[PDB]
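First up is the structure itself, then whatever we jot down about it.
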Amino acid sequence: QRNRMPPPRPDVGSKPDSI
Amino acid sequence: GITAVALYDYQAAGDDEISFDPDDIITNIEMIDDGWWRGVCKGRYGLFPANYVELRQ
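Taken in order, these protein sequences are the chains called B and A. Per PDB author numbering, the first sequence starts with residue 165, numbered consecutively. Per PDB author numbering, the second sequence starts with residue 17, numbered consecutively.
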């Protein structure tokens, strides 16, 4: 393909427990 | 004196979050959230999508 879809949004409410 | 430029056009999905334009560069953009940021556009405080925007200085 020649086009690329936009990137996903960051987890504002969800976050990892570790690094 | 901080400045940030957006790579693409994004739309904030919150009252506390604001949107910006690629060419439209904002100032006073500091890193507060691991995934989000916060800047000031002509006296407009809000959040900057770290996934769509980028911190220059």
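Where a beta carbon is used, it is the ideal one built from N, C-alpha and C, also for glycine.
Residues bridged to residue i (per DSSP)
i       : result
A:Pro65 : A:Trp52
A:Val21 : A:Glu70
A:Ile42 : A:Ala20
C-beta neighbour in chain A for residue i, strict 7 Å
i        : result
B:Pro171 : yes
Within-7 Å CB hit, residue i to chain B
i       : result
A:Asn67 : yes
A:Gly51 : yes
Close beta carbons around residue i, own chain, < 8 Å, minus the five adjacent residues each side
i       : result
A:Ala28 : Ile34, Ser35, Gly62, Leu63 and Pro65
A:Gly30 : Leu63
A:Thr43 : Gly17, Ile18, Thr19, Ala20, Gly55, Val56 and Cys57
Coarse secondary structure for residue i, derived from DSSP in three states
i        : result
B:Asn167 : coil
Sequence-distant residues of its chain with Cβ nearer than 6 Å to residue i (five each side left out)
i       : result
A:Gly59 : none
A:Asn67 : none
Own chain residues within Cβ distance below 7 Å of residue i, not counting five before or after
i       : result
A:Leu71 : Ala20, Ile45, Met47 and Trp53
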